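Residue numbers (the deposited numbering), protein chains in the order written: chain aA, 109 to 215; chain aB, 2 to 291, 321 to 736; chain aD, 78 to 216; chain aJ, 3 to 39; chain aM, 2 to 30; chain aE, 1 to 62; chain aF, 26 to 186; chain aI, 4 to 33; chain aC, 2 to 81. Let me begin by presenting the structure, written as structure tokens, before commenting on it.
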Amino acid sequence: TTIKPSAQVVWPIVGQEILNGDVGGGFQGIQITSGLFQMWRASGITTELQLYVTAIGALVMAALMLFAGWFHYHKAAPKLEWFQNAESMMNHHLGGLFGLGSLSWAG
Amino acid sequence: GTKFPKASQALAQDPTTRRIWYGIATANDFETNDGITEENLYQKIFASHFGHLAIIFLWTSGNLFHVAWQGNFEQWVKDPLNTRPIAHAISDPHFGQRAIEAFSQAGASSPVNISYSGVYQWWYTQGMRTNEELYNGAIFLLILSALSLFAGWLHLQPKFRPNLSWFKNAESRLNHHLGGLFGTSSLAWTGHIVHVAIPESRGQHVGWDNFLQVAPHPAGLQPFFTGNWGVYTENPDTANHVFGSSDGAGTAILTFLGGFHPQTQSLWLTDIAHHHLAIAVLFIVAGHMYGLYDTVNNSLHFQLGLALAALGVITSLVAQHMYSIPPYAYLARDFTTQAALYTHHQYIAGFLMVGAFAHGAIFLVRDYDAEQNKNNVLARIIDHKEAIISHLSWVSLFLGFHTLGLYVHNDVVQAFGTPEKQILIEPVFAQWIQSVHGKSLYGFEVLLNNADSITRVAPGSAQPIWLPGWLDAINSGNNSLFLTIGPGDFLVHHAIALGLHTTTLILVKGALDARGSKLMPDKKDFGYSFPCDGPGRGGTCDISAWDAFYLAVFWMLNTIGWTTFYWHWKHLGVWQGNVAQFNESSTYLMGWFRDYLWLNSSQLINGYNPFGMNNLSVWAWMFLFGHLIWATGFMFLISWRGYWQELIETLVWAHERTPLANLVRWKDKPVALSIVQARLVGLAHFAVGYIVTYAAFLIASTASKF
Amino acid sequence: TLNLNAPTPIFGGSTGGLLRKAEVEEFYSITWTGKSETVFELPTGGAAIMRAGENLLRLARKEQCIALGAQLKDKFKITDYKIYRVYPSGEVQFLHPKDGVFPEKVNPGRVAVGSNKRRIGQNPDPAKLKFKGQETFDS
Amino acid sequence: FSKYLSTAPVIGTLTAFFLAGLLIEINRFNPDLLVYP
Amino acid sequence: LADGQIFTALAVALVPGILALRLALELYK
Amino acid sequence: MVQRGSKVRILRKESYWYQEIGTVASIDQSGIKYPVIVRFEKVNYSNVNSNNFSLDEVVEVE
Amino acid sequence: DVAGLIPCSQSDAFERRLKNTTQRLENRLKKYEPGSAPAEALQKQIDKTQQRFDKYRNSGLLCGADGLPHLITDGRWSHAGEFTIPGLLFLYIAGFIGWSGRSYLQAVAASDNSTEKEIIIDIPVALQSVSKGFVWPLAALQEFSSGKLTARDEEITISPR
Amino acid sequence: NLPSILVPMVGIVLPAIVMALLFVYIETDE
Amino acid sequence: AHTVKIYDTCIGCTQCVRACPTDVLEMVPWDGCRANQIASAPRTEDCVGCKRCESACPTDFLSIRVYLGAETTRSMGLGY
Ligand code: CLA
Ligand code: CLA
Ligand code: CLA
Ligand code: CLA
Ligand SMILES: CC1=C(/C=C/C(C)=C/C=C/C(C)=C\C=C\C=C(C)\C=C\C=C(C)\C=C\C2=C(C)CCCC2(C)C)C(C)(C)CCC1
Ligand code: SF4
């Protein structure tokens, strides 16, 4: 309740480190308004360590998508008729993306 | 194929709404009237001048009639230090009970304005004391306006229409005006000071009923012919003298006291008289003396473009010299009235100077002939024309990067809790000059801070007697005679220079590129003001000489604004005796945001609210009114013709297809405003908005706190 | 000759067409012979259908007739688009082609009007024509 | 790739990467430099 | 001021009131 | 006379490259006026590089 | 005492700003644990401020009535350290990159694709103009005295009249 | 008793005629 | 109507004629060689002043120039 969130501690140079003001606790930083602290609390993230892998998992999935942009254009790029298959696309994005992606978040 | 507009034959065949707009825009643009000749042009100008002359006289008559009838001058003369001058009554049927209750002010019972033009302080000094002396001037100007009107009509009749040669006799006009217009008028004004103004300031009434009887000096005109001019240096007024009455009054009519009257804090009447008498002599002598003269005489725009250039120069001077040298009793003390007169005249100065260069560009397109102007001074600026703009372009860039840079530097370090890291440059060259003028505050200790220098002593003919009064005033901080400066004054002065340099560049380039450039070599063939040259060659929007004047009007307002912004904020502390607030906050821009705009808008913005209203509701309404019309100008400047013309077509379709309305039709086909038209209309809203925002704020902020 | 009447296309619409400018003065009529039964974009909205024809369309501006037939040249190769201007409520019939052949093709017998025997760097200043009824680019 | 580093934006950012980082260290090292002694 | 001096002012304002009606016609003529 | 391969400077002041140098591809060898075709390294405001210039509008600095 | 300015050693409101900033940090320091990384950031923020005040106390600077140091430029050599030697330090390095662009472009414009080497700038010639930039105040004297710093006005594109 | 008639003549009655005269001057022909 | 002038610096490219959206211009035989052709303006009453024409001339300093003049129903592009 009382303690406001803060991330992005600022570096010790000219006085931009005065933005690291007293927020509460033994911590000083820029008061963040991104809501990630109230977002991650509902998700259950209780120690910094659990998050630590994630950014790694957000980095390696960034590499996997960047390779998939490579692979699905430099090596194996589909036909025009694969893109005009709208009903199989609508079925999968409804079922898999929004359906299972909320089913798995329900899990 | 309609009769309207008369002056433009081509417009008259236009069947659309553009006809009416442009018929107004080309009406008084005589140089493109149909079938016109040079002789008819000049005779028409002369008569047109009388109409303007009549209006100024009527305006001053309107400035006189309303004060005598509804003002409080007679009440004002008695104790000026607390009475608010009344402009005129408020007769607005939409007022309620509580709005009448708020504007029934300045000790009036019906609602009236509190005047801020300073006419009360000016008329007092001139010798007016009662409302009936006011009533005479308005009636007199009514005749003079009708006499100017009759004269304009007179010099248009066949038997009295001048020839062309009379209008083009340039040398005789200068001679006759510095003789008549300047010489005789300035000398006479010294006479009106000594025969009327001075007696009334000493408690002696002089009117039409007695002016031939009472002499201005006990035994005057016997020393006048015999050369004994020194008798008029008899006993001046003592420091204990009370202005307008005879407790401490002297008998002098010509003096050289210097400084300011200790009670009024303004110039001595006898001091004003000698100055005008002396200048008068200078003009009368010079007025008896009479290839470029063959060029400045055939172009009406060149003459006017110098006449505005003369008018623009002396309009700026009026603002600078009236705030530092107050010439009217108690005008230094009416701070709102000190504020309105400086701002008003400074904006006017900006328009004339911009206008001078505008009409200069018109001269270059319609009158500058390359073959009758060869190997002279004019065509030799056109020689190295690319050099002048290129260097002027650099200085603007130079000034801007560094002046903004110093302000932002200070702001950041101040934002970080470290005000000591700010860059504050002392205006040492300026602080030199005031010390050279005698201001011993900065202590540079040379030139009339030097007590022994030949300037202060004047061993030539023992002349220098302005010096005692002057030295007292230049060291006392109770006036605005060479105000104290610091880091804030340094930065703004270079900003103003930046403003003066960027504004001058565009106007000079606009005239110099009016006839042509590589992007448009034949620009002169299309006239001054034309839309553009199409999207070809990369795009040509804002390529006309008119557009250069147009962009510069934005820059002048910014420049004249920054001057008035500076003058206003500085004066707030001096009038409230706390110059320290300004001195430290003016060196960074957040200070101008926190201690100038936001701070001084507290009362203005509360002129009316959910709890009531006060006597600032007009100014509060006008402030919002100004913001709206300023913003309305952005609409015409950003959205252009095409969008609107296509939009209008759907409305035309809809009207013609709507029963019970189809039955009626427009006489002029609806069309969007033109490309040039929109720029002018947008700028006009912008500029009116610029001023009426500043006029509302300036007046209201000062009138509530004093 | 316009041979009015001629079959209009099978169109049915256009709020964006031919209001009370036309019936008082100056409306138009394009004519061609469309060599199909294709669909084509009009300038008002777009689709009507071209006939075998004798095709004819009554438009509002000469501007609108030209951008129709440029499409008939580009998208349908119909070279026979013959634009007009109507009788009494219009002014001059058969403006284009005024000389029997296409105006991008050169035809002798036309008159070089507006043809100027000088450069534009050799243009006079208006001071040599000042207070005079001569115009700065005339000849 | 090394010729791709010689094109205008990367050579205008990497040169801006260096001289700016010079001022970051030297304003931590030598703080608050108004005047030369 | 008075009440009567106001109307003497408004009576001598017709002397500008006819000439501007004539001069603007004359500037048009 | 200015040849082919002739690096000429424009005297016709209406040109964008007035007082600038470009080489002549050729002229027209006919009875037409304005024959000279000149190519420049700078391009004009419509980003082209040539015109049919004349020989009273060029010089032969070489 | 160039305009009534009193020096920062005997400026009383200038030494007041040092008693006003760390006290705001002391209010920030009384509430914390005095071994925490806030407090090692709170002992630093006093002392980085301190040596700035002991730089301008010792420089012989002229602080004002605000308590803040000002800058003087009429240039005397008592106050040369405010503007002159920090100013010509700009000027030397400005002509360095100025004689980079003055010297890079005359050779490369005599090439076939003279403009792609403004896009893909050659790392040979640029680092040469780093070396050629160091001789900037000396080299341009034999340029102008020979005349090859300017041109004649028959060579330069000039708007019509 | 003077402005209470005068201001609704100059502000209301006067533009009702001087724009009526300057409606029949803009939209008439010879 | 608008004024459309064609100068003798025309290189007979015919681009301008084919750029005009209202067919205001046409090519006519040049007599200085009887092989060149120059543009001509028989329908200046239809020029809207769009200046699409002037953009099509390739020559360094255009041979056809449009100076906008008195406006009419045709030149203002009104559908009404
Ligand atoms: C880098 C080569 C170069 C050189 C030697 C010059 C030289 C000049 N410029 Mg120009 N200019 C240039 C590029 C150059 N300019 C660039 C890139 C721009 C766009 C930002 C401009 C925009 C410009 C304007 C608006 C003006 C000048 C003016 C001037 C003259 C006065 C000096 C001055 O104050 O400059 C002005 C300095 C600036 C505008 C700021 C610096 C310009 C850029 C950012 C420098 C970038 C250098 C680059 C990173 C180096 C690449 C490295 C490589 C060569 C190895 C001088 C002849 C002025 C003039 O007309 O004087 C009579 C003037 O008003 N210049
Ligand atoms: C180049 C742009 C420029 C412009 C248009 C102005 C304009 C003005 N200055 Mg400013 N000033 C400038 C640059 C400029 N100054 C520079 C570079 C400095 C040194 C930092 C100052 C320091 C300064 C002070 C202390 C004062 C003014 C004042 C004024 C105003 C009155 C005139 C005067 O006293 O001139 C003085 C003349 C000059 C300063 C010379 C002209 C500027 C040259 C061209 C700059 C060249 C820079 C140079 C190469 C740097 C090398 C340094 C090295 C030699 C050590 C006037 C608005 C006075 C004022 O505010 O009055 C109310 C005032 O007291 N100026
Ligand atoms: C581009 C701007 C423009 C301008 C300046 C004009 C100008 C004109 N129009 Mg045109 N017109 C235009 C575009 C324009 N038109 C457009 C976009 C349309 C819709 C397609 C029309 C449709 C149209 C028709 C049908 C008619 C005109 C008419 C007129 C003429 C008379 C003014 C008028 O009737 O307004 C009328 C004013 C309004 C509609 C404003 C609403 C007024 C409301 C009700 C409040 C006012 C009441 C209040 C009590 C005021 C009393 C004041 C008094 C006490 C002092 C005038 C020349 C008349 C004309 O040409 O006569 C032959 C006419 O019959 N116009
Ligand atoms: C020329 C400047 C001028 C101005 C701006 C004003 C303004 C005003 N007068 Mg005043 N008035 C003036 C001169 C002026 N007057 C003069 C010279 C006289 C004596 C003839 C009067 C006699 C007078 C009376 C008796 C009353 C006013 C009133 C008013 C107020 C309401 C409007 C009205 O009823 O006017 C009426 C105006 C007249 C009866 C005479 C005006 C004669 C002037 C010279 C006309 C100027 C016209 C101007 C140039 C037109 C430009 C616009 C046009 C080209 C489109 C308003 C504040 C009323 C008031 O006081 O309300 C509180 C009121 O009762 N005026
Ligand atoms: C002393 C002093 C001062 C002053 C200064 C000044 C006043 C200056 C000015 C300046 C000047 C008065 C100079 C002259 C100049 C002129 C001209 C004429 C120029 C030109 C230039 C150039 C030519 C350049 C060149 C270059 C280079 C060098 C390099 C790069 C390239 C280039 C080319 C850019 C001050 C106060 C600040 C400070 C203290 C001291
Ligand atoms: S409409 Fe405006 S942007 Fe378009 S060509 Fe004309 S001036 Fe330029």
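Yeah, the Cβ is synthetic: ideal placement off N, Cα and C, and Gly gets one too.
Stretch-stretch touch, CB-based, cutoff 8 Å, three pairs: the segment 112 to 127 of chain aF with the segment 78 to 87 of chain aF:
no
So is the beta-carbon of aF:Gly123 under 7 Å away from any non-hydrogen atom of ligand 1?
In this structure, aF:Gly123 has its CB closer than 7 Å to one or more heavy atoms of ligand 1.
Chain aC contact residues for aE:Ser15, given Cβ-Cβ distances below 8 Å
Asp61, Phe62
Kindly indicate the opening and closing residues of the alpha helix (DSSP H) around aB:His421.
415 to 445
Rounded to whole angstroms, how far is the Cβ of aB:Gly546 from the Cβ of aB:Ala582, which I believe are closer than 8 Å?
Actually they are not in contact, since the Cβ atoms of aB:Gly546 and aB:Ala582 sit about 19 Å apart, beyond 8 Å.
Terminal residues of the continuous beta strand (DSSP E) containing aC:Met28?
27 to 30
aA:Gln136 bridges to which residues according to DSSP?
aA:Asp130
I'd like the list of long-range same chain contacts for aB:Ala88, defined as Cβ closer than 6 Å, with 5 residues on each side in sequence excluded.
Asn114, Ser116
Cα-Cα, which of aB:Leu408, aB:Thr448, aB:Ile455 is closest to aF:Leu30?
aB:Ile455
Could you tell me if the beta carbon of aM:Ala12 falls within a distance shorter than 7 Å of some heavy atom in ligand 4?
no
Say whether chain aD places a C-beta atom closer than 8 Å to the C-beta of aB:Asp555.
yes
State yes or no: is the C-beta of aB:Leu427 nearer than 7 Å to some heavy atom of ligand 1?
yes
Are there any heavy atoms of ligand 7 lying less than 7 Å away from the beta-carbon of aB:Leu382, as far as the coordinates show?
Ligand 7 is absent from the structure shown, which contains only ligand 1, ligand 2, ligand 3, ligand 4, ligand 5 and ligand 6.
I want to see whether chain aD comes within less than 8 Å of aB:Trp670, judged by CB atoms only; does it?
no
Give a single yes or no on whether aC:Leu79 has its beta carbon closer than 7 Å to a heavy atom of ligand 3.
Not under cutoff, so the answer is no.
Please name the residue, chosen from aB:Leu693, aB:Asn132, aB:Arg130, aB:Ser146, that lies closest to aM:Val13 on a Cα-to-Cα basis.
aB:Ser146
Option in aB:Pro689, aB:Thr594, aB:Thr732, aB:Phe520 with minimal Cα separation from residue 315 of chain aB
Between 291 and 321 in chain aB the model has nothing, and residue 315 of chain aB is one of the residues in that span.
Output needed in chain order: residues of the segment 440 to 458 of chain aB with a Cβ under 9 Å from some Cβ in chain aA.
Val442, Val443, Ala445, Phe446, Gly447, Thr448, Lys451
Relative to the C-alpha of aB:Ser246, which candidate in aB:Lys79, aB:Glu235, aB:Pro112, aB:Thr131 has its C-alpha closest?
aB:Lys79
Looking at ligand 3, does it come within less than 7 Å of residue 310 of chain aB, judged from the CB to the closest heavy atom?
Because chain aB is numbered 291 and then 321 with no intervening positions, residue 310 of chain aB cannot be located in this model.
Beta carbon nearer than 5 Å to a non-hydrogen atom of ligand 2:
aB:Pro457, aB:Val458, aB:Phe459, aB:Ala460, aB:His523, aB:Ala527, aF:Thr98, aF:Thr109, aF:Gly112
With three or more C-beta pairs closer than 8 Å as the rule, is the segment 64 to 83 of chain aB touching the segment 131 to 145 of chain aB?
At 8 Å Cβ cutoff, the stretches touch.
Just checking residue 229 of chain aF against ligand 1 - is the residue's beta carbon closer than 7 Å to any of the ligand's heavy atoms?
No information on residue 229 of chain aF is available, as it lies outside the stretch 26 to 186 that chain aF covers here.
Using CA atoms only, rank isn't needed, just tell me which of aB:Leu710, aB:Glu416, aB:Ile635 is closest to aB:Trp670.
Nearest of aB:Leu710, aB:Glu416, aB:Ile635 to aB:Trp670, Cα basis: aB:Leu710.
The alpha helix (DSSP H) that contains aB:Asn137, what's its start and end?
132 to 155
What does the alpha-carbon distance come out to for the pair aD:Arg135 and aC:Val18?
The alpha-carbon atoms of aD:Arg135 and aC:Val18 are separated by roughly 25 Å.
Taking 8 Å as the cut-off, decide whether the C-beta atoms of aB:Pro237 and aB:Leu258 are in contact.
yes
When the Cα of aB:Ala708 is compared with those of aB:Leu646, aB:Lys699, aB:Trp576, which residue comes out closest?
aB:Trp576
Measure the beta-carbon distance from aB:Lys548 to aE:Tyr16 and round it to whole angstroms, keeping in mind my assumption that it falls under 8 Å.
5 Å
When you compare only the Cα positions, how much space is there between aB:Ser647 and aB:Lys735?
16 Å
To the nearest angstrom, how far is the alpha carbon of aD:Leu145 from that of aC:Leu63?
28 Å
Provide the residue(s) that pair with aB:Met643 in DSSP beta bridges, ordered along the chain.
Paired residues: aB:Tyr638.
Under three-state DSSP, which class holds aA:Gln192?
coil
I want to verify the contact list: residues of chain aC whose CB lies under 9 Å from the CB of aB:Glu679, in sequence order.
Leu79, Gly80, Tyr81
Taking 7 Å as the cut-off, is the beta-carbon of aB:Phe387 closer than that to any non-hydrogen atom of ligand 4?
no
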